[PDB]
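Structure data (mmCIF, N, CA and C atoms) from upload11.cif:
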data_model
loop_
_atom_site.label_atom_id
_atom_site.label_comp_id
_atom_site.auth_asym_id
_atom_site.auth_seq_id
_atom_site.Cartn_x
_atom_site.Cartn_y
_atom_site.Cartn_z
N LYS A 35 -38.05 8.93 40.14
CA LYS A 35 -38.70 8.01 39.21
C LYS A 35 -39.27 8.78 38.04
N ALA A 36 -39.43 8.14 36.90
CA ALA A 36 -39.96 8.81 35.72
C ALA A 36 -40.98 7.93 35.01
N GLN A 37 -42.01 8.56 34.45
CA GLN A 37 -43.02 7.86 33.67
C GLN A 37 -43.57 8.78 32.59
N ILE A 38 -43.71 8.26 31.38
CA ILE A 38 -44.22 9.07 30.28
C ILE A 38 -45.53 8.51 29.77
N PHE A 39 -46.48 9.39 29.53
CA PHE A 39 -47.76 9.01 28.97
C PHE A 39 -47.80 9.42 27.51
N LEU A 40 -48.03 8.45 26.65
CA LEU A 40 -48.01 8.69 25.22
C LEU A 40 -49.39 9.04 24.70
N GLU A 41 -49.44 9.89 23.71
CA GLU A 41 -50.67 10.29 23.09
C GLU A 41 -51.21 9.17 22.24
N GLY A 42 -52.43 8.78 22.49
CA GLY A 42 -53.01 7.69 21.77
C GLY A 42 -52.77 6.37 22.46
N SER A 43 -51.72 6.28 23.20
CA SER A 43 -51.41 5.08 23.95
C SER A 43 -51.99 5.17 25.34
N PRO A 44 -52.77 4.19 25.74
CA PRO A 44 -53.41 4.16 27.03
C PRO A 44 -52.50 3.70 28.14
N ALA A 45 -51.28 3.40 27.81
CA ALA A 45 -50.33 2.92 28.78
C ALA A 45 -49.15 3.84 28.91
N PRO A 46 -48.74 4.14 30.14
CA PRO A 46 -47.58 4.94 30.42
C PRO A 46 -46.32 4.10 30.56
N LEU A 47 -45.22 4.63 30.15
CA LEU A 47 -43.95 3.96 30.29
C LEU A 47 -43.26 4.46 31.53
N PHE A 48 -43.10 3.60 32.51
CA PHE A 48 -42.49 3.98 33.77
C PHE A 48 -41.14 3.32 33.95
N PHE A 49 -40.21 4.07 34.49
CA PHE A 49 -38.89 3.57 34.77
C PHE A 49 -38.34 4.22 36.02
N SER A 50 -37.57 3.48 36.80
CA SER A 50 -36.97 4.01 38.01
C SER A 50 -36.00 5.13 37.68
N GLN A 51 -35.22 4.94 36.65
CA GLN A 51 -34.25 5.92 36.23
C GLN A 51 -34.92 7.07 35.50
N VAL A 52 -34.88 8.26 36.08
CA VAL A 52 -35.50 9.42 35.47
C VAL A 52 -34.83 9.72 34.15
N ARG A 53 -33.51 9.79 34.19
CA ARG A 53 -32.69 10.08 33.03
C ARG A 53 -32.95 9.12 31.87
N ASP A 54 -33.30 7.88 32.18
CA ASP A 54 -33.53 6.88 31.16
C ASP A 54 -34.88 7.11 30.48
N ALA A 55 -35.92 7.29 31.28
CA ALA A 55 -37.26 7.47 30.76
C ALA A 55 -37.39 8.80 30.03
N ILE A 56 -36.75 9.84 30.55
CA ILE A 56 -36.78 11.14 29.90
C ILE A 56 -36.03 11.09 28.58
N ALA A 57 -35.00 10.25 28.51
CA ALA A 57 -34.28 10.03 27.26
C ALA A 57 -35.19 9.40 26.22
N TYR A 58 -35.99 8.43 26.66
CA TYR A 58 -36.94 7.76 25.78
C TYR A 58 -37.95 8.75 25.22
N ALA A 59 -38.35 9.70 26.05
CA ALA A 59 -39.33 10.70 25.67
C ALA A 59 -38.81 11.62 24.57
N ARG A 60 -37.50 11.66 24.40
CA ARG A 60 -36.89 12.58 23.47
C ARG A 60 -36.57 11.93 22.14
N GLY A 61 -37.00 10.70 21.95
CA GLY A 61 -36.69 10.02 20.72
C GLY A 61 -37.23 8.65 20.60
N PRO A 62 -36.74 7.73 21.40
CA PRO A 62 -37.16 6.36 21.38
C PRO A 62 -38.60 6.17 21.61
N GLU A 63 -39.37 6.98 21.78
CA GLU A 63 -40.75 6.85 21.95
C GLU A 63 -41.27 6.29 20.98
N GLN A 64 -41.60 5.68 20.44
CA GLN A 64 -42.02 5.08 19.50
C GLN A 64 -43.02 4.85 18.75
N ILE A 65 -43.86 4.83 18.88
CA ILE A 65 -44.89 4.61 18.21
C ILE A 65 -45.87 5.69 18.43
N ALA A 66 -45.92 6.26 19.53
CA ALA A 66 -46.81 7.31 19.86
C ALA A 66 -46.04 8.46 20.47
N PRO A 67 -46.49 9.68 20.24
CA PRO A 67 -45.84 10.86 20.79
C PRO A 67 -46.09 11.00 22.27
N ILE A 68 -45.21 11.71 22.95
CA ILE A 68 -45.39 11.95 24.36
C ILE A 68 -46.44 13.02 24.60
N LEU A 69 -47.45 12.69 25.35
CA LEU A 69 -48.50 13.64 25.68
C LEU A 69 -48.07 14.43 26.91
N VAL A 70 -47.65 13.70 27.92
CA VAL A 70 -47.17 14.31 29.15
C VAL A 70 -46.30 13.32 29.91
N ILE A 71 -45.23 13.81 30.48
CA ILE A 71 -44.34 12.99 31.27
C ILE A 71 -44.39 13.41 32.73
N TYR A 72 -44.53 12.44 33.61
CA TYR A 72 -44.56 12.70 35.03
C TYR A 72 -43.32 12.12 35.67
N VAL A 73 -42.67 12.88 36.51
CA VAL A 73 -41.50 12.40 37.20
C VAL A 73 -41.62 12.64 38.68
N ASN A 74 -41.05 11.75 39.44
CA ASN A 74 -40.95 11.94 40.87
C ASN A 74 -39.71 12.72 41.15
N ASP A 75 -39.91 13.99 41.45
CA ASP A 75 -38.86 14.92 41.76
C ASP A 75 -38.02 14.43 42.89
N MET A 76 -36.87 14.07 42.58
CA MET A 76 -35.96 13.50 43.50
C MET A 76 -34.70 13.65 43.11
N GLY A 77 -34.25 14.18 43.14
CA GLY A 77 -33.05 14.33 42.78
C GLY A 77 -32.20 14.94 42.83
N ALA A 78 -32.15 14.74 43.23
CA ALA A 78 -31.42 15.32 43.32
C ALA A 78 -30.06 15.01 43.15
N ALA A 79 -29.59 15.24 42.79
CA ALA A 79 -28.32 14.94 42.60
C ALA A 79 -28.00 14.07 41.91
N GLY A 80 -28.84 13.72 41.71
CA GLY A 80 -28.64 12.87 41.04
C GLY A 80 -29.46 12.32 40.29
N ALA A 81 -30.36 12.00 40.74
CA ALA A 81 -31.22 11.44 40.09
C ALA A 81 -30.74 10.36 39.40
N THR A 82 -30.16 9.70 40.13
CA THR A 82 -29.61 8.67 39.59
C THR A 82 -30.43 7.73 39.66
N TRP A 83 -30.06 6.70 39.13
CA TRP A 83 -30.74 5.71 39.20
C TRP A 83 -30.94 5.42 40.54
N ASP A 84 -30.17 5.74 41.29
CA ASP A 84 -30.29 5.58 42.61
C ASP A 84 -31.08 6.55 43.33
N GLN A 85 -31.04 7.54 42.87
CA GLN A 85 -31.77 8.55 43.37
C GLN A 85 -31.65 9.07 44.64
N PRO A 86 -32.04 10.15 44.96
CA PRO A 86 -32.04 10.69 46.17
C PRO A 86 -33.05 10.32 47.12
N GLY A 87 -34.04 9.81 46.76
CA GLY A 87 -35.06 9.46 47.57
C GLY A 87 -36.32 9.86 47.15
N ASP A 88 -37.15 9.96 47.57
CA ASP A 88 -38.40 10.37 47.24
C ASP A 88 -38.85 11.35 47.08
N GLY A 89 -39.55 11.77 46.45
CA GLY A 89 -39.98 12.69 46.23
C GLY A 89 -41.30 13.22 45.84
N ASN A 90 -41.34 14.29 45.16
CA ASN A 90 -42.56 14.92 44.74
C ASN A 90 -42.94 14.52 43.36
N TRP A 91 -44.18 14.47 43.02
CA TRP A 91 -44.56 14.11 41.68
C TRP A 91 -44.93 15.33 40.88
N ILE A 92 -44.35 15.46 39.72
CA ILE A 92 -44.54 16.62 38.88
C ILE A 92 -44.58 16.24 37.41
N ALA A 93 -45.10 17.13 36.59
CA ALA A 93 -45.06 16.96 35.15
C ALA A 93 -43.75 17.50 34.61
N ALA A 94 -42.87 16.60 34.19
CA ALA A 94 -41.53 16.97 33.76
C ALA A 94 -41.56 17.84 32.52
N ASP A 95 -42.51 17.56 31.65
CA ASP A 95 -42.66 18.31 30.41
C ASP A 95 -43.01 19.75 30.70
N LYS A 96 -43.57 19.96 31.86
CA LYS A 96 -43.96 21.28 32.32
C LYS A 96 -43.10 21.72 33.49
N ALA A 97 -41.85 21.31 33.51
CA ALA A 97 -41.00 21.54 34.66
C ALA A 97 -39.65 22.09 34.24
N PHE A 98 -38.80 22.33 35.21
CA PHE A 98 -37.49 22.88 34.95
C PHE A 98 -36.47 21.77 34.82
N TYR A 99 -35.61 21.91 33.84
CA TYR A 99 -34.58 20.95 33.56
C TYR A 99 -33.22 21.61 33.66
N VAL A 100 -32.28 20.96 34.30
CA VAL A 100 -30.92 21.43 34.30
C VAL A 100 -30.03 20.44 33.58
N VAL A 101 -29.34 20.95 32.58
CA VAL A 101 -28.40 20.17 31.83
C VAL A 101 -27.00 20.52 32.30
N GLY A 102 -26.35 19.58 32.95
CA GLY A 102 -25.05 19.85 33.53
C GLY A 102 -23.96 19.89 32.50
N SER A 103 -23.22 20.97 32.49
CA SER A 103 -22.10 21.12 31.60
C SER A 103 -20.82 20.63 32.25
N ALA A 104 -20.76 20.75 33.57
CA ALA A 104 -19.56 20.39 34.29
C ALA A 104 -19.49 18.91 34.53
N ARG A 105 -20.60 18.33 34.91
CA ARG A 105 -20.66 16.91 35.14
C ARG A 105 -21.77 16.31 34.41
N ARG A 106 -22.02 15.76 33.67
CA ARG A 106 -23.06 15.13 32.94
C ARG A 106 -22.60 14.23 31.92
N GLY A 107 -22.75 13.96 31.04
CA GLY A 107 -22.37 13.11 30.01
C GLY A 107 -21.78 13.58 29.00
N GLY A 108 -21.82 14.44 28.73
CA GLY A 108 -21.28 14.94 27.78
C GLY A 108 -20.78 14.11 26.73
N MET A 109 -19.90 13.38 26.92
CA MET A 109 -19.35 12.49 26.02
C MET A 109 -19.80 11.21 26.13
N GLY A 110 -20.58 11.13 26.91
CA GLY A 110 -21.09 9.98 27.10
C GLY A 110 -22.52 10.04 27.13
N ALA A 111 -23.14 9.63 28.16
CA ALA A 111 -24.52 9.70 28.32
C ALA A 111 -24.95 10.77 29.23
N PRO A 112 -25.37 11.85 28.70
CA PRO A 112 -25.85 12.96 29.45
C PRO A 112 -27.09 12.67 30.25
N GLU A 113 -27.13 13.19 31.44
CA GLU A 113 -28.25 13.00 32.32
C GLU A 113 -28.91 14.32 32.62
N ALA A 114 -30.21 14.35 32.60
CA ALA A 114 -30.97 15.56 32.85
C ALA A 114 -31.58 15.52 34.22
N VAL A 115 -31.42 16.59 34.98
CA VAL A 115 -32.07 16.68 36.26
C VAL A 115 -33.31 17.56 36.16
N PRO A 116 -34.48 16.94 36.17
CA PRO A 116 -35.76 17.63 36.15
C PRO A 116 -36.25 18.00 37.54
N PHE A 117 -36.51 19.26 37.76
CA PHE A 117 -36.97 19.75 39.05
C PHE A 117 -38.23 20.58 38.89
N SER A 118 -39.07 20.58 39.91
CA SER A 118 -40.25 21.41 39.91
C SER A 118 -39.89 22.83 40.30
N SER A 119 -38.87 22.97 41.11
CA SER A 119 -38.43 24.26 41.57
C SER A 119 -37.24 24.74 40.74
N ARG A 120 -37.39 25.90 40.12
CA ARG A 120 -36.34 26.47 39.29
C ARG A 120 -35.09 26.74 40.10
N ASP A 121 -35.27 27.33 41.26
CA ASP A 121 -34.16 27.76 42.07
C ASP A 121 -33.32 26.58 42.52
N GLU A 122 -33.95 25.43 42.66
CA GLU A 122 -33.24 24.21 42.97
C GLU A 122 -32.37 23.79 41.80
N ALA A 123 -32.91 23.92 40.59
CA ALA A 123 -32.17 23.60 39.39
C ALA A 123 -31.03 24.58 39.20
N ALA A 124 -31.28 25.83 39.55
CA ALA A 124 -30.27 26.87 39.48
C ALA A 124 -29.16 26.62 40.49
N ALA A 125 -29.54 26.16 41.67
CA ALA A 125 -28.58 25.82 42.70
C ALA A 125 -27.66 24.70 42.24
N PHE A 126 -28.21 23.78 41.47
CA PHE A 126 -27.42 22.71 40.89
C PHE A 126 -26.37 23.29 39.96
N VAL A 127 -26.76 24.31 39.20
CA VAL A 127 -25.85 24.99 38.30
C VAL A 127 -24.83 25.80 39.08
N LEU A 128 -25.25 26.32 40.21
CA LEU A 128 -24.37 27.06 41.08
C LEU A 128 -23.19 26.21 41.50
N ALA A 129 -23.45 24.96 41.78
CA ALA A 129 -22.41 24.03 42.14
C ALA A 129 -21.71 23.50 40.90
N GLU A 130 -22.49 23.10 39.90
CA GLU A 130 -21.96 22.56 38.67
C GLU A 130 -22.92 22.77 37.52
N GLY A 131 -23.92 22.09 37.45
CA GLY A 131 -24.96 22.22 36.46
C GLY A 131 -24.53 22.85 35.20
N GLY A 132 -25.28 23.48 34.45
CA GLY A 132 -24.98 24.12 33.22
C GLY A 132 -26.00 25.17 32.88
N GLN A 133 -27.09 24.75 32.28
CA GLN A 133 -28.17 25.66 31.95
C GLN A 133 -29.50 25.12 32.45
N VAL A 134 -30.34 26.02 32.92
CA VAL A 134 -31.68 25.65 33.36
C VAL A 134 -32.69 26.03 32.30
N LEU A 135 -33.34 25.03 31.75
CA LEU A 135 -34.32 25.22 30.70
C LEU A 135 -35.51 24.29 30.92
N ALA A 136 -36.62 24.58 30.31
CA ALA A 136 -37.81 23.75 30.45
C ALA A 136 -37.76 22.62 29.45
N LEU A 137 -38.59 21.61 29.65
CA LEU A 137 -38.64 20.49 28.73
C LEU A 137 -39.09 20.97 27.36
N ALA A 138 -39.94 21.97 27.36
CA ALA A 138 -40.40 22.57 26.13
C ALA A 138 -39.30 23.37 25.46
N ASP A 139 -38.24 23.63 26.20
CA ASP A 139 -37.15 24.46 25.71
C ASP A 139 -35.86 23.68 25.63
N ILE A 140 -35.97 22.36 25.65
CA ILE A 140 -34.80 21.52 25.57
C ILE A 140 -34.22 21.56 24.18
N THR A 141 -32.98 21.95 24.09
CA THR A 141 -32.29 21.95 22.83
C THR A 141 -31.17 20.94 22.86
N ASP A 142 -30.88 20.35 21.72
CA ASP A 142 -29.86 19.34 21.62
C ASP A 142 -28.49 19.94 21.81
N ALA A 143 -28.34 21.19 21.44
CA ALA A 143 -27.07 21.87 21.52
C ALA A 143 -26.58 21.97 22.95
N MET A 144 -27.49 22.00 23.90
CA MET A 144 -27.14 22.08 25.30
C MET A 144 -26.79 20.73 25.86
N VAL A 145 -27.44 19.71 25.36
CA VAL A 145 -27.28 18.39 25.91
C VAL A 145 -26.09 17.70 25.30
N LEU A 146 -25.70 18.13 24.14
CA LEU A 146 -24.63 17.50 23.42
C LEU A 146 -23.99 18.46 22.48
N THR A 147 -22.72 18.40 22.39
CA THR A 147 -22.02 19.25 21.51
C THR A 147 -21.52 18.51 20.36
N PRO A 148 -21.83 18.97 19.22
CA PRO A 148 -21.35 18.40 18.03
C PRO A 148 -19.93 18.55 17.89
N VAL A 149 -19.53 19.61 17.71
CA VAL A 149 -18.22 19.90 17.62
C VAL A 149 -17.95 21.01 18.39
N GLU A 150 -18.74 21.54 19.02
CA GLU A 150 -18.66 22.70 19.72
C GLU A 150 -18.49 23.81 18.84
N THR A 151 -17.97 23.97 18.10
CA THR A 151 -17.74 24.95 17.17
C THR A 151 -18.34 26.11 17.48
N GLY A 152 -18.99 26.28 18.44
CA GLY A 152 -19.60 27.33 18.80
C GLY A 152 -20.66 27.92 18.51
N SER A 153 -21.56 27.26 18.51
CA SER A 153 -22.63 27.71 18.23
C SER A 153 -23.43 27.95 19.35
N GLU A 154 -24.15 28.85 19.27
CA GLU A 154 -24.97 29.17 20.27
C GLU A 154 -26.00 28.19 20.56
N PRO A 155 -26.28 27.85 21.74
CA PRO A 155 -27.20 26.87 22.13
C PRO A 155 -28.52 27.15 21.77
N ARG A 156 -29.12 27.83 22.17
CA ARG A 156 -30.36 28.18 21.85
C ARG A 156 -30.36 29.45 21.21
N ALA A 157 -29.71 30.32 21.69
CA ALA A 157 -29.61 31.59 21.21
C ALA A 157 -28.61 32.25 21.87
N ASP A 158 -27.87 31.98 22.19
CA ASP A 158 -26.95 32.47 22.96
C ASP A 158 -27.56 32.78 24.10
N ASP A 159 -28.25 32.24 24.66
CA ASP A 159 -29.02 32.42 25.67
C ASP A 159 -28.76 31.99 26.72
N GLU A 160 -28.76 31.30 27.27
CA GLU A 160 -28.54 30.80 28.25
C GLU A 160 -27.93 30.77 28.46
#
Here is a file; write its structure as C-alpha cells.
Amino acid sequence: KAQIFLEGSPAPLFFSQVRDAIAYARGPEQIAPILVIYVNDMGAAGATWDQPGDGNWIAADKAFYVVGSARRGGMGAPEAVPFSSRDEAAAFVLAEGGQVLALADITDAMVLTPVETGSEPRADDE
C-alpha cells in the first residue's frame, strides 16, 4: 500500500497500488509538494496492485527503490518497487530488476528512456 503526505496539506493521499501513489508523488501531486511518502513494504514482486501481502510500513522517500529494466514498463507504465531493505531490492535486480536507487535519487532516465541514445542515467552509475 502507498500513501503520500503533502507539505501544507493536512491530508494524505492513500492508494492500494504503491506504483500508482508513488507515481502521483513524482508529478501529479498537485497542489502541494510531497513532504513524506509512507508505503507498506510489500512487495514484493510486485507490488502490484495486488500485492504480495502485507507488510511493513516505511517512508518510501527515505527508502530503496528498484527500477526494473527487464520487466517494468518501460514502454508502458513503469512500476517502482520500493523496499526498506536494500538487499531485497538488489535481489530483485538479481532476478530481473534494473537499478537500485533511493527516492531522493530517482532519475527519469532510469525509469524511462527517451531514445536511449545513451545517455548515462545518472552518471553512468548505476
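Minimum atom-to-atom distance to residue 59 in chain A, evaluated using only N, CA and C atoms, belongs to A:38 out of A:104, A:135, A:38, A:149.
Omitting range 78-88 of chain A and its sequence neighbours fewer than 4 positions away, and counting all atoms listed in the file, the residues within 7 Å are residues 50, 51, 52, 53, 74 and 115 of chain A.
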Please produce a file of the residues just selected, as a compact mmCIF listing (two decimals), in the frame of the given file, where the atoms kept are N, CA and C atoms.
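Printed below is out14.txt as written:
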# COMPACT_ATOMS: atom_id res chain seq x y z
N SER A 50 -37.57 3.48 36.80
CA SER A 50 -36.97 4.01 38.01
C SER A 50 -36.00 5.13 37.68
N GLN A 51 -35.22 4.94 36.65
CA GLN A 51 -34.25 5.92 36.23
C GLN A 51 -34.92 7.07 35.50
N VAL A 52 -34.88 8.26 36.08
CA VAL A 52 -35.50 9.42 35.47
C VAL A 52 -34.83 9.72 34.15
N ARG A 53 -33.51 9.79 34.19
CA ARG A 53 -32.69 10.08 33.03
C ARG A 53 -32.95 9.12 31.87
N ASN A 74 -41.05 11.75 39.44
CA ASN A 74 -40.95 11.94 40.87
C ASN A 74 -39.71 12.72 41.15
N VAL A 115 -31.42 16.59 34.98
CA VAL A 115 -32.07 16.68 36.26
C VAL A 115 -33.31 17.56 36.16
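Taking only C-alpha atoms into account, residue 145 in chain A lies nearest to A:109 out of the set A:36, A:68, A:109, A:55.
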- Message: Between CA of residue 54 in chain A and CA of residue 40 in chain A, what is the distance in Å, rounded to a tenth?
- Response: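 These two atoms are separated by 15.8 Å.
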If the PyMOL selection byres (((chain A and resi 114 and name CA) around 7) and name CA) is run on the structure shown, which residues does it catch, given as a compact mmCIF listing (two decimals) with N, CA and C atoms, in the coordinates of the input?
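Wrote it out as result-v7.txt, contents follow:
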# COMPACT_ATOMS: atom_id res chain seq x y z
N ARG A 53 -33.51 9.79 34.19
CA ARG A 53 -32.69 10.08 33.03
C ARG A 53 -32.95 9.12 31.87
N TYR A 99 -35.61 21.91 33.84
CA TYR A 99 -34.58 20.95 33.56
C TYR A 99 -33.22 21.61 33.66
N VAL A 100 -32.28 20.96 34.30
CA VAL A 100 -30.92 21.43 34.30
C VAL A 100 -30.03 20.44 33.58
N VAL A 101 -29.34 20.95 32.58
CA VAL A 101 -28.40 20.17 31.83
C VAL A 101 -27.00 20.52 32.30
N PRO A 112 -25.37 11.85 28.70
CA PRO A 112 -25.85 12.96 29.45
C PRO A 112 -27.09 12.67 30.25
N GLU A 113 -27.13 13.19 31.44
CA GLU A 113 -28.25 13.00 32.32
C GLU A 113 -28.91 14.32 32.62
N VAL A 115 -31.42 16.59 34.98
CA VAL A 115 -32.07 16.68 36.26
C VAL A 115 -33.31 17.56 36.16
N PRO A 116 -34.48 16.94 36.17
CA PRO A 116 -35.76 17.63 36.15
C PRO A 116 -36.25 18.00 37.54
- Task: Might you spell out which residues the PyMOL selection byres (((chain A and resi 160 and name CA) around 10) and name CA) would select in the displayed file, as a PyMOL selection string?
- Result: chain A and resi 132-135+144+154-159
- Query: Which polymer residues have any atom within 7 Å of an atom of range 122-124 of chain A, counting only C-alpha atoms, with same-chain residues fewer than 2 positions away left out, as a ChimeraX atom specification?
  - Reply: /A:98-100,117,119-120,126-128,134
Kindly export the residues of the current selection with N, CA and C atoms, as a PDB file, keeping the file's coordinate frame.
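Full text of again_2.pdb as output:
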ATOM      1  N   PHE A  98     -38.800  22.330  35.210  1.00  0.00           N
ATOM      2  CA  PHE A  98     -37.490  22.880  34.950  1.00  0.00           C
ATOM      3  C   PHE A  98     -36.470  21.770  34.820  1.00  0.00           C
ATOM      4  N   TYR A  99     -35.610  21.910  33.840  1.00  0.00           N
ATOM      5  CA  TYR A  99     -34.580  20.950  33.560  1.00  0.00           C
ATOM      6  C   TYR A  99     -33.220  21.610  33.660  1.00  0.00           C
ATOM      7  N   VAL A 100     -32.280  20.960  34.300  1.00  0.00           N
ATOM      8  CA  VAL A 100     -30.920  21.430  34.300  1.00  0.00           C
ATOM      9  C   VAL A 100     -30.030  20.440  33.580  1.00  0.00           C
ATOM     10  N   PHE A 117     -36.510  19.260  37.760  1.00  0.00           N
ATOM     11  CA  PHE A 117     -36.970  19.750  39.050  1.00  0.00           C
ATOM     12  C   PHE A 117     -38.230  20.580  38.890  1.00  0.00           C
ATOM     13  N   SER A 119     -38.870  22.970  41.110  1.00  0.00           N
ATOM     14  CA  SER A 119     -38.430  24.260  41.570  1.00  0.00           C
ATOM     15  C   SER A 119     -37.240  24.740  40.740  1.00  0.00           C
ATOM     16  N   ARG A 120     -37.390  25.900  40.120  1.00  0.00           N
ATOM     17  CA  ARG A 120     -36.340  26.470  39.290  1.00  0.00           C
ATOM     18  C   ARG A 120     -35.090  26.740  40.100  1.00  0.00           C
ATOM     19  N   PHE A 126     -28.210  23.780  41.470  1.00  0.00           N
ATOM     20  CA  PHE A 126     -27.420  22.710  40.890  1.00  0.00           C
ATOM     21  C   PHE A 126     -26.370  23.290  39.960  1.00  0.00           C
ATOM     22  N   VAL A 127     -26.760  24.310  39.200  1.00  0.00           N
ATOM     23  CA  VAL A 127     -25.850  24.990  38.300  1.00  0.00           C
ATOM     24  C   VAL A 127     -24.830  25.800  39.080  1.00  0.00           C
ATOM     25  N   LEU A 128     -25.250  26.320  40.210  1.00  0.00           N
ATOM     26  CA  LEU A 128     -24.370  27.060  41.080  1.00  0.00           C
ATOM     27  C   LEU A 128     -23.190  26.210  41.500  1.00  0.00           C
ATOM     28  N   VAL A 134     -30.340  26.020  32.920  1.00  0.00           N
ATOM     29  CA  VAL A 134     -31.680  25.650  33.360  1.00  0.00           C
ATOM     30  C   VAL A 134     -32.690  26.030  32.300  1.00  0.00           C
TER      31      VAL A 134
END
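Inside range 49-160 of chain A, the residues DSSP reads as helix (DSSP H, G or I) when given the backbone are residues 52, 53, 54, 55, 56, 57, 58, 59, 94, 95, 96, 120, 121, 122, 123, 124, 125, 126, 127, 128, 129, 137, 138, 139, 142, 143, 144 and 145 of chain A.
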- Which one of A:142, A:150, A:75, A:130 sits closest to residue 118 in chain A if you count only N, CA and C atoms? A:75
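Nearest to residue 39 in chain A of all the residues A:71, A:146, A:93, A:76 is A:71, based on only N, CA and C atoms.
Put simply, atom N of residue 143 in chain A is 28.7 Å away from CA of residue 89 in chain A.
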- Task: Just list the residues in range 37-157 of chain A DSSP gives strand (DSSP E) on the backbone, as a PyMOL selection string.
- Result: chain A and resi 37-40+46-49+68-75+90-93+98-102+114-117+132-136
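Counting from atom N of residue 66 in chain A, the distance to CA of residue 49 in chain A is 17.0 Å.
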